[PDB]
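Coordinates as given in entry_1.cif (mmCIF, N, CA and C atoms):
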```cif
data_final
#
loop_
_atom_site.label_atom_id
_atom_site.label_comp_id
_atom_site.auth_asym_id
_atom_site.auth_seq_id
_atom_site.Cartn_x
_atom_site.Cartn_y
_atom_site.Cartn_z
N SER U 1 114.41 119.74 44.34
CA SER U 1 115.58 120.07 45.14
C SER U 1 115.77 121.58 45.23
N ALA U 2 105.20 121.08 48.40
CA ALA U 2 105.34 119.92 47.53
C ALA U 2 104.71 118.67 48.15
N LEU U 3 105.39 118.13 49.16
CA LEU U 3 105.01 116.88 49.79
C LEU U 3 104.17 117.08 51.04
N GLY U 4 103.40 118.16 51.11
CA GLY U 4 102.55 118.40 52.26
C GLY U 4 101.41 117.43 52.42
N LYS U 5 100.94 116.82 51.34
CA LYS U 5 99.87 115.84 51.45
C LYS U 5 100.32 114.56 52.14
N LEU U 6 101.63 114.32 52.18
CA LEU U 6 102.17 113.20 52.92
C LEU U 6 102.58 113.60 54.32
N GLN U 7 103.02 114.84 54.50
CA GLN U 7 103.38 115.34 55.82
C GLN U 7 102.16 115.54 56.69
N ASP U 8 101.00 115.81 56.10
CA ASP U 8 99.76 115.91 56.86
C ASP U 8 99.40 114.63 57.59
N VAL U 9 99.59 113.47 56.96
CA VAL U 9 99.28 112.22 57.62
C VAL U 9 100.23 111.97 58.79
N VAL U 10 101.53 112.16 58.57
CA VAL U 10 102.51 112.01 59.64
C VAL U 10 102.19 112.92 60.81
N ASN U 11 101.87 114.18 60.53
CA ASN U 11 101.59 115.14 61.59
C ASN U 11 100.31 114.81 62.34
N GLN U 12 99.23 114.46 61.64
CA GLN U 12 98.00 114.11 62.34
C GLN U 12 98.17 112.90 63.24
N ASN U 13 98.93 111.90 62.80
CA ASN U 13 99.08 110.73 63.66
C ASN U 13 99.96 111.02 64.87
N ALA U 14 101.04 111.78 64.69
CA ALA U 14 101.84 112.15 65.86
C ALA U 14 101.06 113.02 66.82
N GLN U 15 100.21 113.90 66.30
CA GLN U 15 99.42 114.77 67.15
C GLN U 15 98.36 114.00 67.92
N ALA U 16 97.91 112.86 67.40
CA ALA U 16 96.99 112.04 68.18
C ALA U 16 97.71 111.23 69.25
N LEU U 17 98.86 110.64 68.92
CA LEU U 17 99.59 109.89 69.92
C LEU U 17 100.08 110.77 71.06
N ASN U 18 100.43 112.02 70.78
CA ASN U 18 100.86 112.92 71.84
C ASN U 18 99.74 113.22 72.82
N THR U 19 98.53 113.43 72.32
CA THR U 19 97.40 113.67 73.20
C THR U 19 97.08 112.45 74.05
N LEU U 20 97.19 111.26 73.46
CA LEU U 20 96.96 110.05 74.25
C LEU U 20 97.99 109.91 75.36
N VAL U 21 99.26 110.16 75.06
CA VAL U 21 100.29 110.12 76.10
C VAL U 21 100.00 111.16 77.18
N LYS U 22 99.65 112.37 76.79
CA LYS U 22 99.54 113.44 77.77
C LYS U 22 98.30 113.35 78.64
N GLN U 23 97.27 112.63 78.22
CA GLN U 23 96.13 112.44 79.11
C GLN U 23 96.44 111.54 80.29
N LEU U 24 97.64 110.98 80.37
CA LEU U 24 98.01 110.15 81.51
C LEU U 24 98.44 110.96 82.71
N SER U 25 98.19 112.27 82.72
CA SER U 25 98.61 113.12 83.82
C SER U 25 97.46 114.00 84.28
N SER U 26 96.23 113.61 83.98
CA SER U 26 95.04 114.22 84.52
C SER U 26 94.53 113.39 85.69
N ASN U 27 93.95 114.07 86.68
CA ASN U 27 93.39 113.41 87.85
C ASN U 27 92.01 112.84 87.60
N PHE U 28 91.26 113.44 86.68
CA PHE U 28 89.86 113.09 86.45
C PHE U 28 89.07 113.14 87.75
N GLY U 29 89.48 114.01 88.66
CA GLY U 29 88.79 114.15 89.93
C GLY U 29 89.26 113.24 91.04
N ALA U 30 90.49 112.76 90.98
CA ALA U 30 91.08 111.96 92.03
C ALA U 30 92.09 112.82 92.78
N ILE U 31 92.76 112.22 93.76
CA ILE U 31 93.72 112.97 94.56
C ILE U 31 95.07 113.09 93.87
N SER U 32 95.51 112.07 93.15
CA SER U 32 96.78 112.10 92.47
C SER U 32 96.55 111.63 91.05
N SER U 33 97.48 111.97 90.18
CA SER U 33 97.49 111.46 88.82
C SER U 33 98.27 110.18 88.68
N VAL U 34 99.16 109.88 89.62
CA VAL U 34 99.99 108.69 89.60
C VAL U 34 99.36 107.66 90.53
N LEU U 35 99.21 106.44 90.03
CA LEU U 35 98.55 105.37 90.76
C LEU U 35 99.32 104.89 91.97
N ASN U 36 100.65 104.95 91.92
CA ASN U 36 101.46 104.51 93.05
C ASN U 36 101.34 105.43 94.25
N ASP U 37 101.02 106.71 94.04
CA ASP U 37 100.82 107.61 95.16
C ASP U 37 99.42 107.53 95.73
N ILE U 38 98.52 106.83 95.06
CA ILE U 38 97.27 106.46 95.70
C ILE U 38 97.45 105.14 96.44
N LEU U 39 98.20 104.22 95.84
CA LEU U 39 98.44 102.94 96.49
C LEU U 39 99.31 103.05 97.72
N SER U 40 100.25 103.99 97.75
CA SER U 40 101.21 104.04 98.84
C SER U 40 100.61 104.65 100.10
N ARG U 41 99.78 105.67 99.96
CA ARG U 41 99.23 106.36 101.11
C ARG U 41 97.72 106.20 101.23
N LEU U 42 97.20 105.05 100.82
CA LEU U 42 95.80 104.73 101.05
C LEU U 42 95.67 103.22 101.15
N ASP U 43 94.62 102.78 101.81
CA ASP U 43 94.34 101.37 102.02
C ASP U 43 93.18 100.92 101.14
N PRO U 44 93.08 99.62 100.85
CA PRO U 44 92.26 99.15 99.71
C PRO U 44 90.88 99.77 99.63
N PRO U 45 90.12 99.88 100.74
CA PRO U 45 88.75 100.40 100.62
C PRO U 45 88.66 101.80 100.04
N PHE S 1 97.06 124.66 126.76
CA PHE S 1 96.36 124.54 125.49
C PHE S 1 95.60 125.82 125.24
N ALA S 2 95.88 126.47 124.11
CA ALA S 2 95.20 127.71 123.77
C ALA S 2 93.73 127.43 123.47
N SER S 3 92.99 128.50 123.18
CA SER S 3 91.56 128.42 122.89
C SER S 3 91.33 128.33 121.39
N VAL S 4 90.06 128.14 121.02
CA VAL S 4 89.73 127.80 119.64
C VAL S 4 89.94 128.93 118.65
N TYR S 5 89.89 130.19 119.09
CA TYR S 5 90.05 131.31 118.18
C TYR S 5 91.47 131.87 118.18
N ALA S 6 92.35 131.35 119.02
CA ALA S 6 93.77 131.71 119.02
C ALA S 6 94.62 130.45 119.14
N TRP S 7 94.28 129.44 118.35
CA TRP S 7 94.98 128.16 118.38
C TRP S 7 96.47 128.32 118.12
N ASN S 8 97.27 127.44 118.70
CA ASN S 8 98.71 127.52 118.54
C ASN S 8 99.21 126.48 117.55
N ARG S 9 100.11 126.91 116.68
CA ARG S 9 100.67 126.09 115.62
C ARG S 9 102.15 125.88 115.88
N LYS S 10 102.58 124.62 115.93
CA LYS S 10 103.99 124.29 116.03
C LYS S 10 104.41 123.55 114.78
N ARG S 11 105.48 124.01 114.16
CA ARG S 11 106.03 123.39 112.97
C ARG S 11 107.03 122.30 113.35
N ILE S 12 106.86 121.12 112.76
CA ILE S 12 107.74 119.98 112.99
C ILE S 12 108.54 119.73 111.72
N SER S 13 109.83 119.43 111.91
CA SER S 13 110.79 119.29 110.83
C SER S 13 112.02 118.56 111.36
N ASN S 14 112.83 118.07 110.42
CA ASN S 14 114.15 117.48 110.71
C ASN S 14 114.06 116.44 111.83
N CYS S 15 113.35 115.35 111.56
CA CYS S 15 113.26 114.25 112.51
C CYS S 15 112.49 113.10 111.88
N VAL S 16 112.85 111.88 112.28
CA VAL S 16 111.99 110.75 111.98
C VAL S 16 110.71 110.88 112.79
N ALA S 17 109.57 110.70 112.14
CA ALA S 17 108.28 110.78 112.79
C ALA S 17 107.73 109.37 112.97
N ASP S 18 107.73 108.89 114.20
CA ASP S 18 107.24 107.55 114.51
C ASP S 18 105.81 107.68 115.02
N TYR S 19 104.85 107.46 114.12
CA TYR S 19 103.45 107.32 114.48
C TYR S 19 103.15 105.95 115.05
N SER S 20 104.16 105.09 115.18
CA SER S 20 104.00 103.79 115.81
C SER S 20 103.84 103.92 117.31
N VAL S 21 104.45 104.94 117.90
CA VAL S 21 104.24 105.23 119.31
C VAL S 21 102.94 105.99 119.53
N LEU S 22 102.18 106.22 118.46
CA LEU S 22 100.92 106.94 118.49
C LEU S 22 99.75 106.10 117.99
N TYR S 23 99.98 105.21 117.04
CA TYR S 23 98.89 104.47 116.41
C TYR S 23 98.57 103.20 117.19
N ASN S 24 99.60 102.53 117.72
CA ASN S 24 99.40 101.43 118.65
C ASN S 24 99.16 101.91 120.08
N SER S 25 98.84 103.19 120.25
CA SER S 25 98.54 103.77 121.56
C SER S 25 97.04 104.02 121.65
N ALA S 26 96.36 103.24 122.48
CA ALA S 26 94.91 103.31 122.63
C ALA S 26 94.59 104.29 123.75
N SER S 27 94.82 105.58 123.51
CA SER S 27 94.56 106.57 124.55
C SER S 27 93.84 107.81 124.02
N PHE S 28 93.37 107.83 122.78
CA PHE S 28 92.67 108.97 122.22
C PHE S 28 91.25 108.57 121.84
N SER S 29 90.36 109.56 121.82
CA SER S 29 88.96 109.34 121.50
C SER S 29 88.65 109.38 120.02
N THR S 30 89.43 110.11 119.22
CA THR S 30 89.22 110.18 117.78
C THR S 30 90.57 110.28 117.09
N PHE S 31 90.78 109.46 116.06
CA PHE S 31 91.99 109.46 115.23
C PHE S 31 91.53 109.32 113.77
N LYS S 32 91.25 110.44 113.12
CA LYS S 32 90.64 110.45 111.79
C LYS S 32 91.58 111.09 110.79
N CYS S 33 92.11 110.29 109.87
CA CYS S 33 93.01 110.78 108.84
C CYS S 33 92.24 111.01 107.55
N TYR S 34 92.70 111.96 106.75
CA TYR S 34 92.04 112.35 105.51
C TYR S 34 93.09 112.49 104.43
N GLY S 35 92.98 111.66 103.39
CA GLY S 35 93.96 111.60 102.33
C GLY S 35 95.07 110.61 102.56
N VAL S 36 95.22 110.11 103.79
CA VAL S 36 96.22 109.11 104.14
C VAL S 36 95.53 108.05 104.98
N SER S 37 96.26 106.97 105.23
CA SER S 37 95.79 105.92 106.12
C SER S 37 96.72 105.83 107.32
N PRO S 38 96.20 105.91 108.54
CA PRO S 38 97.08 106.07 109.71
C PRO S 38 98.03 104.91 109.93
N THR S 39 97.93 103.86 109.12
CA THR S 39 98.83 102.71 109.23
C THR S 39 99.98 102.75 108.23
N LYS S 40 99.98 103.70 107.30
CA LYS S 40 101.01 103.80 106.28
C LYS S 40 101.86 105.06 106.43
N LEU S 41 101.81 105.70 107.58
CA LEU S 41 102.50 106.96 107.79
C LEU S 41 103.99 106.78 108.01
N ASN S 42 104.45 105.56 108.28
CA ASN S 42 105.86 105.29 108.49
C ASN S 42 106.59 104.92 107.21
N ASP S 43 105.89 104.85 106.09
CA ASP S 43 106.50 104.56 104.80
C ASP S 43 106.66 105.80 103.93
N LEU S 44 106.06 106.91 104.32
CA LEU S 44 106.07 108.13 103.53
C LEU S 44 107.19 109.05 104.00
N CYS S 45 107.35 110.16 103.28
CA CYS S 45 108.20 111.24 103.73
C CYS S 45 107.49 112.55 103.44
N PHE S 46 107.62 113.50 104.35
CA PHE S 46 106.86 114.74 104.27
C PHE S 46 107.81 115.93 104.25
N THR S 47 107.30 117.03 103.70
CA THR S 47 108.08 118.26 103.57
C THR S 47 108.05 119.08 104.86
N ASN S 48 106.88 119.21 105.47
CA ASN S 48 106.73 119.92 106.73
C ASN S 48 105.68 119.19 107.55
N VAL S 49 105.57 119.58 108.82
CA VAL S 49 104.42 119.20 109.64
C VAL S 49 103.90 120.44 110.34
#
```
Encoded form using structure tokens:
Amino acid sequence: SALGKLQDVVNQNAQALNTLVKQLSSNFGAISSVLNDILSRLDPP
Amino acid sequence: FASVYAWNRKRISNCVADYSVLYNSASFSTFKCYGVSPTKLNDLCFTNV
């Protein structure tokens, strides 16, 4: 009133989940990152 | 109609754009859209033309 070996696990796991969430906003070479804006202004082919 | 090296640009704004009077009109030789589909232009909204 020390615990860094326990805070390291919490931090590493949050840092991985954040990267997974944030990769949902890359185009990977498409026109939009959001699927609804490809579906709305393009036709199936 | 101006020539190819001094083409004229008109900005369109503040109006409903009905491509229905244009897409169901069989009077043009080429109608090629890129990034959009000429049948879904009445569902979108645009910032400028």
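Applied to this file, the PyMOL selection byres ((chain S) within 6.5 of (chain U)) selects residues 35, 36, 37 and 40 of chain S.
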For range 15-24 of chain S: contacts at 7 Å, only N, CA and C atoms, fewer than 5 positions along chain excluded, given as a PDB file with N, CA and C atoms, in the coordinates of the input:
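Result written to selection_31.pdb:
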```pdb
ATOM      1  N   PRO S  38      96.200 105.910 108.540  1.00  0.00           N
ATOM      2  CA  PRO S  38      97.080 106.070 109.710  1.00  0.00           C
ATOM      3  C   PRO S  38      98.030 104.910 109.930  1.00  0.00           C
ATOM      4  N   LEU S  41     101.810 105.700 107.580  1.00  0.00           N
ATOM      5  CA  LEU S  41     102.500 106.960 107.790  1.00  0.00           C
ATOM      6  C   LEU S  41     103.990 106.780 108.010  1.00  0.00           C
ATOM      7  N   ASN S  42     104.450 105.560 108.280  1.00  0.00           N
ATOM      8  CA  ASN S  42     105.860 105.290 108.490  1.00  0.00           C
ATOM      9  C   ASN S  42     106.590 104.920 107.210  1.00  0.00           C
TER      10      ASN S  42
END
```
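Coordinates place CA of residue 34 in chain S at a distance of 17.5 Å from CA of residue 36 in chain U.
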- Task: Have a look at atom N of residue 49 in chain S and atom N of residue 14 in chain S and let me know their distance in Å, one decimal.
- Result: 7.6 Å
Listed atoms of range 37-41 of chain S boxed along x, y and z, 6 Å each side, centre and edge lengths in Å, one decimal, as AutoDock Vina command-line options:
```
--center_x 99.9 --center_y 104.8 --center_z 107.6 --size_x 20.2 --size_y 16.3 --size_z 16.7
```
- Go through chain U and collect every residue that DSSP, computed from the backbone, puts in alpha helix (DSSP H); the answer should be as number ranges by chain. U: 4-22, 36-39
- Find the residues near residue 23 in chain U: any atom within 12 Å, counting only C-alpha atoms, skip ones fewer than 5 places away on the same chain, and give them as an NGL selection string. :U and (16-18 or 28 or 33-34)
May I have the residues from that selection written out with N, CA and C atoms, as a compact mmCIF listing (two decimals), keeping the file's coordinate frame?
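Dumped to out32.txt:
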```txt
# COMPACT_ATOMS: atom_id res chain seq x y z
N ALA U 16 97.91 112.86 67.40
CA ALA U 16 96.99 112.04 68.18
C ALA U 16 97.71 111.23 69.25
N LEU U 17 98.86 110.64 68.92
CA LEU U 17 99.59 109.89 69.92
C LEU U 17 100.08 110.77 71.06
N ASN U 18 100.43 112.02 70.78
CA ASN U 18 100.86 112.92 71.84
C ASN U 18 99.74 113.22 72.82
N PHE U 28 91.26 113.44 86.68
CA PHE U 28 89.86 113.09 86.45
C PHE U 28 89.07 113.14 87.75
N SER U 33 97.48 111.97 90.18
CA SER U 33 97.49 111.46 88.82
C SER U 33 98.27 110.18 88.68
N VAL U 34 99.16 109.88 89.62
CA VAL U 34 99.99 108.69 89.60
C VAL U 34 99.36 107.66 90.53
```
- Between atom N of residue 44 in chain S and atom C of residue 39 in chain U, distance in Å (one decimal):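 Between atom N of residue 44 in chain S and atom C of residue 39 in chain U the gap is 10.2 Å.
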